[PDB]
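Enquirer: let's see this in three dimensions:
(2 chains, ligands or ions: 7)
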Amino acid sequence: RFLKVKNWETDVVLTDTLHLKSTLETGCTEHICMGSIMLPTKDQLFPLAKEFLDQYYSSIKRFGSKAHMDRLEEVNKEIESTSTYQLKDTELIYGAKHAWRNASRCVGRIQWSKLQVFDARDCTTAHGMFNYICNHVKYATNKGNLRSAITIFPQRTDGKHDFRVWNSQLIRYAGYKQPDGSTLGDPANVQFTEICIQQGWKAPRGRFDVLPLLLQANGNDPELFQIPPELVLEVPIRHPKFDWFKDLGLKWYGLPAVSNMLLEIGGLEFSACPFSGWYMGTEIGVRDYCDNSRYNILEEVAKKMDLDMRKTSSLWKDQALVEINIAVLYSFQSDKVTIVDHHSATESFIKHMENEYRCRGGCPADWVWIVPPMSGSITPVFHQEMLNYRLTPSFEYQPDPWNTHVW
Amino acid sequence: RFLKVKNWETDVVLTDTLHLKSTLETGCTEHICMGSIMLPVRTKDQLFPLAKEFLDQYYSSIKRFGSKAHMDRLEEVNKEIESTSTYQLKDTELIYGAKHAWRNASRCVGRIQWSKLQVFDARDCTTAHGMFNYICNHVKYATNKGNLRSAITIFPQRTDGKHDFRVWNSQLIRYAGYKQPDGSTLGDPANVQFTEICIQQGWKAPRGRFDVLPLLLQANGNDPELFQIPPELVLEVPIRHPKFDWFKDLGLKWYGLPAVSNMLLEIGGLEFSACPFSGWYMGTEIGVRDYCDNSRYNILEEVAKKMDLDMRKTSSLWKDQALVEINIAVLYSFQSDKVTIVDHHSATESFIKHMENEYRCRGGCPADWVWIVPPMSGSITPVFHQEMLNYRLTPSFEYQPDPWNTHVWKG
Ligand code: HEM
Ligand code: HEM
Ligand SMILES: C[C@H](O)[C@H](O)[C@H]1CNc2nc(N)[nH]c(=O)c2N1
Ligand SMILES: C[C@H](O)[C@H](O)[C@H]1CNc2nc(N)[nH]c(=O)c2N1
Ligand SMILES: NC(=[NH2+])NCCC[C@H](N)C(=O)O
Ligand SMILES: NC(=[NH2+])NCCC[C@H](N)C(=O)O
Ligand SMILES: [Zn+2]
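Expert: Numbers count the residues shown, from 1 in each chain, chains lettered A, B, ... in the order given. Ligands and ions are numbered 1, 2, ... in the order given. Structure as follows:
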């Protein structure tokens, strides 16, 4: 029942009671752990709503109050009647914040309660979504002093009237397949980059082309929109020592904004809920720049550094990886664009876990995702045992729309 | 039921059926994953079935399933168990068992070598001096003047649980740790408690930074006895850096033979509580963990200073820069001295091939991602991008409590 997690570097032991409120499945069983797997009606709705309202009223210290019973009854009546319901603004904000609070794969949750929530439930068209999104981007970018935010479009109804942002992130670089067979730009987006074209986008076929938004509203087909360049903050990547670095011609965008997830609050599903925060250096420097299936830039940098790339044991890949990551952090900091290094971020997460354990009885966390992609054990989270479980409200994965849409 | 794992860097998808033969529990449930948790006498009643599963596996492996030899063996063991409450493995079965416990070790990234394990049968051993002799032979054989050879020495199995054979050391070779009155620690902090026990048992500690610990061996449930491994049998490597000449001046060195000696080997229900086994090091074990863990030698700062790195702010990644250098030094030193060692790139690449091979020829390969991915440069190694399934198969290596916590001292 009561599980304990130990930090092997500090011997601190925390007891977890919060998992006892877990509602969803993990993918694992008593016989097999799938911890490293990336993707493991009115009757259904009322209990979910009740579970939520119960959490909500408990959070505001009015559990079992008339207000609580009342709201509970109203939603109940509303569900029986409309076959669904609408959250009060207070509930929407609470749900979104807690969905972030419960995101076990996010290392930046110490900032969870500071989320700015933009209620776009009154939106009806793609131009309307473009407008809300532009406002979100400008607000969150804040001239480089990034502020976390989420914009929530209309909840699902019959599934045939769903709002969806086809981009995987609000801001990303295009990817095109060249004759060479090689890939131009970002390989992760090679496909999406084609669906835009299949829709009319005039791709400049460059290495870092900010992609166009492809917005889908109420179920209709999606439409394109170029984000005002003036609203997309970018950072040119240079090294605080290697002047040849700038010659690599590298740059990245300052606003990380996941837009393909689904937010579940009290049984209601918000299929278009783009959210943004700020980068942890390694996401760009290690993953986006050095993944073999991404910009795959290690060799080139090792060459410029003139490292012995003959034998893997010279650790040239590692040496270069470090310098590159030093450059990302140096550049962003140089331009006063918010960014956090993996040491500082992981340290904050440990502090957050302790806070959560003390004030909530636990903190669902996915070690596989929390531990940074470089220098793992020199960060504190590596030595921290973690329990992963699913709590709602939550952010869930959902199929890419172009594999579900009925034109 | 089939389960597929995908490698997100190559899109290669594998199908696992081997997990179906999994009996033991993981620690996880449908509602919770305990994947990052370090540590999540039998009855005749439970023994024969464990023995049969094993013998069935063994006989299938030699292509004699259902043979008369197979049936005769089951009958023989059956009788022996009912007769003596336990049973003895044939030499062939012991070797097969030991090799498969390694093949089944989900946290081991070096398993591509599993079939080549050298097995030393020490089941006729009866005393601590006898254990010391077997252990000296294992170390000399395994060390092979730097050309390391994997090996395991298997002492007598558990009987009533009151006559256990145990190697109290956690590794055959490891450095002493000493807690100083000012609160600092001299040597390896990981071995402080064991060092204290050694001293209490009579070991005269030289109190240095790299003192090789004595073996504390327990035979037949008797009190443990101390023994010094012949210095000439302990191969060590002075650590220096190819470009930094001041690195050598840090006075660092490590032993070349990693030999875990505190695990329990289970084969067909039998429990081998003393089964020291050795392979060769992956550089990061030493360079990242033993040297840079805050709770181990913790040398990151000192190296960083010498490199004159900007240690004012973490975002300078001075820790990351120094970590790479230290790891370059470890690999370089071992290679120069011609002592077997493998870097994490080579090791993980090999593990991916081994895993794929296993899926195709065996139906799977239980693997613990948390342990398999190296403690540095995780995503630039192929294993990071490889989905894995973790489950427990027997024969297997299991954890057991430190003997000093359970031993009934006879005086
Ligand atoms: C404010 C600063 C933030 C930081 C430093 C932070 C950091 C991170 C990091 C490093 C990851 C892994 C990304 C990857 O490997 O692709 C992540 C994942 C995640 N974060 Fe955050 N985060 C922040 C804000 C947010 C916000 C505002 C939300 C939601 C309201 C959120 C929800 C999540 C979720 C659901 C995931 C997993 C996404 C997936 O499965 O791909 N994060 N975050
Ligand atoms: C050929 C050399 C070998 C290499 C390169 C190799 C590499 C590794 C590495 C890097 C780990 C993680 C160690 C740690 O983080 O503390 C490990 C764990 C493990 N290996 Fe191997 N290994 C080798 C040989 C063996 C042999 C001979 C066996 C068994 C006969 C074996 C059984 C295991 C087990 C059971 C674990 C988990 C130990 C624990 O839980 O502390 N390995 N190995
Ligand atoms: C297969 C494995 O699950 C996969 O590569 C995971 C590992 N850890 C990760 N961690 C983070 N933060 N982000 C990722 O995309 C991944 N990918
Ligand atoms: C808490 C966490 O499980 C722990 O620090 C693990 C992580 N991965 C590891 N991986 C290896 N190879 N060895 C270890 O000791 C660990 N320690
Ligand atoms: N810190 C964040 N909010 N990250 C969101 C995911 C961004 C993704 N990891 C990237 O490198 O583009
Ligand atoms: N490759 C091996 N056989 N390793 C055994 C464990 C050694 C242990 N990690 C150490 O650093 O001492
Ligand atoms: Zn699990």
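
Enquirer: residue A:145: neighbour count?
Expert: 10 (other Cβ atoms under 10 Å in any protein chain shown). C-beta coordinates here come from the backbone N, C-alpha and C atoms, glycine included.

Enquirer: correct me if wrong: it contacts residue A:278.
Expert: No. Proximity of residue A:145 to residue A:278 does not meet the contact threshold set by Cβ atoms under 8 Å, at 9.5 Å.

Enquirer: for the spatially most central residue of chain A, what are its contacts?
Expert: Among the residues of chain A, the one closest to the centroid is residue A:258, at 4.6 Å (Cα atoms, centre = their mean). Listed by Cβ atoms under 8 Å, 6 or more residues apart in numbering or on different chains, the contact set of residue A:258 reads A:168-169, A:274-276.

Enquirer: same thing but at 7 Å, please
Expert: A:169, A:274-275 (Cβ atoms under 7 Å, 6 or more residues apart in numbering or on different chains).

Enquirer: then residue A:305?
Expert: Residue A:305 neighbours (Cβ under 7 Å, 6+ apart): A:320, A:323.

Enquirer: find the closest residue to ligand 1 in the stretch 51-200 of chain A.
Expert: Nearest to ligand 1 in the stretch 51-200 of chain A, going by Cβ to the nearest ligand atom, is residue A:108, at a distance of 2.5 Å.

Enquirer: that residue and residue A:277 touch, don't they?
Expert: Yes. Applying Cβ atoms under 7 Å as the test, residue A:108 and residue A:277 come out as touching, 5.7 Å apart.

Enquirer: which of those two has more neighbours?
Expert: residue A:277 (23 against 18).

Enquirer: tell me if I'm right that that one and residue A:256 touch.
Expert: Yes. Contact criterion Cβ under 7 Å: residue A:277 and residue A:256 qualify, at 6.5 Å.

Enquirer: can you list contacts of stretch A:30-47?
Expert: A:26-28, A:76, A:79-80, A:83-84, A:267, A:368, A:388, A:397, B:8, B:19, B:22, B:25-26, B:28-29, B:33, B:35, B:369, B:387-391.

Enquirer: in helices only, show me the residues you listed.
Expert: A:76, A:79-80, A:368, B:369 (DSSP state H).

Enquirer: returning to what we had before: overlap of the contact sets of residue A:145 and residue A:278?
Expert: residue A:338.

Enquirer: up against ligand 7, what does the stretch 301-407 of chain A have?
Expert: Residues of the stretch 301-407 of chain A found near ligand 7 (Cβ under 5 Å from the ion): none.

Enquirer: correction: the previous question concerned the stretch 1-150 of chain A.
Expert: Counting by Cβ under 5 Å from the ion, the residues of the stretch 1-150 of chain A close to ligand 7 are A:28, A:33, A:35.

Enquirer: out of these, who's the most crowded?
Expert: residue A:33 (29 neighbours).

Enquirer: name the nearest residue to it, sequence neighbours excluded.
Expert: residue B:390 (4.1 Å; Cβ to Cβ, 6 or more residues apart in numbering or on different chains).

Enquirer: tell me the contacts of the residue of the stretch 251-400 of chain A found nearest ligand 7?
Expert: Residue of the stretch 251-400 of chain A nearest ligand 7, by Cβ to the ion: residue A:388 (7.2 Å). Residues counted as contacts of residue A:388 (Cβ under 7 Å, 6+ apart) are A:26, A:35, A:104, A:364-366, B:33.

Enquirer: who does it form a beta bridge with?
Expert: With DSSP bridges as the criterion, residue A:388 is bridged to residue B:33.

Enquirer: thought residue A:392 was touching residue A:262?
Expert: No. Contact between residue A:392 and residue A:262 fails when scored by Cβ under 7 Å: they sit 11.8 Å apart.

Enquirer: next, count neighbours for residue A:383.
Expert: 20.

Enquirer: wait, residue A:44
Expert: By other Cβ under 10 Å, the residues close to residue A:44 number 9.

Enquirer: before we move on, what about residue A:185?
Expert: If we define neighbours as other Cβ under 10 Å, then residue A:185 has 23 of them.

Enquirer: so who does it touch?
Expert: Contacts of residue A:185 by Cβ under 7 Å, 6+ apart are A:173-176, A:206-207, A:209.

Enquirer: ranking those by neighbours, who comes first?
Expert: residue A:174 (25 neighbours).

Enquirer: now for it: which residues touch it?
Expert: So residue A:174 contacts A:185-186, A:189, A:193, A:203, A:209, A:211 (Cβ under 7 Å, 6+ apart).

Enquirer: between all of those residues, which two are separated the most?
Expert: A:186 and A:203 (12.5 Å; Cβ to Cβ).

Enquirer: who's more crowded, these two?
Expert: residue A:186 (22 against 17).

Enquirer: need the contact list for that one.
Expert: A:172-175, A:294-295.

Enquirer: hmm, 10 Å instead?
Expert: Contact analysis of residue A:186 by Cβ atoms under 10 Å, 6 or more residues apart in numbering or on different chains lists A:172-176, A:192-193, A:207-209, A:211, A:288, A:293-295.
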